[PDB]
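*Asks:* part one of the assembly, not moved from where it sits:
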Amino acid sequence: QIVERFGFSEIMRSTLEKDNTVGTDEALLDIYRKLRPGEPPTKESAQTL
Amino acid sequence: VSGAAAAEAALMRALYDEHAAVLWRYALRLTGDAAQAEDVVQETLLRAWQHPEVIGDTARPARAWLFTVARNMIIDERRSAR
C-alpha cells in the first residue's frame, strides 16, 4: 500500500528498497530503541508512546 | 561453587537493563538535573543489591519499590539544604 500511494516518485521507491528492516512489528522496535534507548522493547510499550 | 558468585552479577545486570534507564527518568523529572539523577540511580541500585528481600519474589513489582527509594533520597537532600 505504501508503494501504492507514493509510487509516482522514484525517490520513495528507492527509500522502500534501501530500507533495512521490513515488518509492522520490526520498524516499530527500531523506532523504540532509537527514541528511548537502553530499555527493553515491548511491542505494546512502543505502540503506546 | 563460583557459578553462584557469578549468578549474583548476572542477576544485577539483568535488572539494570530493565530498570536503571527508567529510574533515571524519575529522578530526572523530580530534580531537573540529570547529574544528580545519575547519582541517585547508583545509590538506589546499590541499596537494592544490598536488600535482596525485594527482588527474590520476581512476580512482585521491583520498579515500584525502587521509585520510592529514590523519591525519598531526593527529599533527604531537599531538607534544610537551602
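*Replies:* Arrived safely, thanks for sending. Residues are numbered from 1 along each chain as shown, chains lettered A, B, ... in the order given.

*Asks:* separation between the residue of chain B found nearest chain A and residue A:19?
*Replies:* Across chain B, the shortest distance to chain A (C-beta to the nearest C-beta) belongs to residue B:21, at 3.7 Å. From N, CA and C alone the C-beta is placed, and that goes for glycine too. Relative to residue A:19, residue B:21 is positioned 28 Å away (C-beta to C-beta, to the nearest Å).

*Asks:* so between those two, which is more surrounded?
*Replies:* Just comparing residue B:21 and residue A:19: by other C-beta atoms under 10 Å in any protein chain shown the higher neighbour count belongs to residue B:21, 15 against 10.

*Asks:* go ahead and place DNA strand C:
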DNA sequence: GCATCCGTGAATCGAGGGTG
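*Replies:* If we add DNA strand C to the chains shown above, we get the following:
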C-alpha cells in the same frame, strides 16, 4: 581512498536596572 561531521572562530569602550 573520499564524503561526513567536528570544532574553531566571528569589533571596541561605556550607563542603569533584575534576579540565582
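
*Asks:* number of nearby residues for residue B:62?
*Replies:* Considering only other C-beta under 10 Å, residue B:62 is surrounded by 16 other residues.

*Asks:* how many neighbours does the closest residue to it other than its chain neighbours have?
*Replies:* The shortest distance from residue B:62 to any non-neighbouring residue, by C-beta to C-beta, 6 or more residues apart in numbering or on different chains, is to residue B:55 (5.4 Å). Neighbourhood size, residue B:55 [other C-beta under 10 Å]: 17.

*Asks:* ok, now residue A:48?
*Replies:* 7.

*Asks:* following sequence is DNA strand D, place it on the structure:
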DNA sequence: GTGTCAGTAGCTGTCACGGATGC
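*Replies:* Putting DNA strand D together with the chains above:
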C-alpha cells in the same frame, strides 16, 4: 523504612571553513 500503573524539557530560526573522523 521504603514496595500494584508508577517514566526529561527543550528544541534547529547563524555561518564559513579546514581537517580529523569515520564508511
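
*Asks:* tell me the residues of chain B that contact chain A?
*Replies:* Residues of chain B lying close to chain A (C-beta under 8 Å from any C-beta of the partner chain) are B:17-18, B:20-22.

*Asks:* any idea which helix is longest in the chain?
*Replies:* All of this is about chain A. helix A:24-35 (DSSP state H).

*Asks:* wrong one, I was asking about chain B
*Replies:* Per DSSP H, chain B has its longest helix at helix B:2-31.

*Asks:* in that helix, what's buried?
*Replies:* B:15, B:19-20, B:22-24, B:26-28, B:30-31 (16 or more other C-beta atoms under 10 Å in any protein chain shown).
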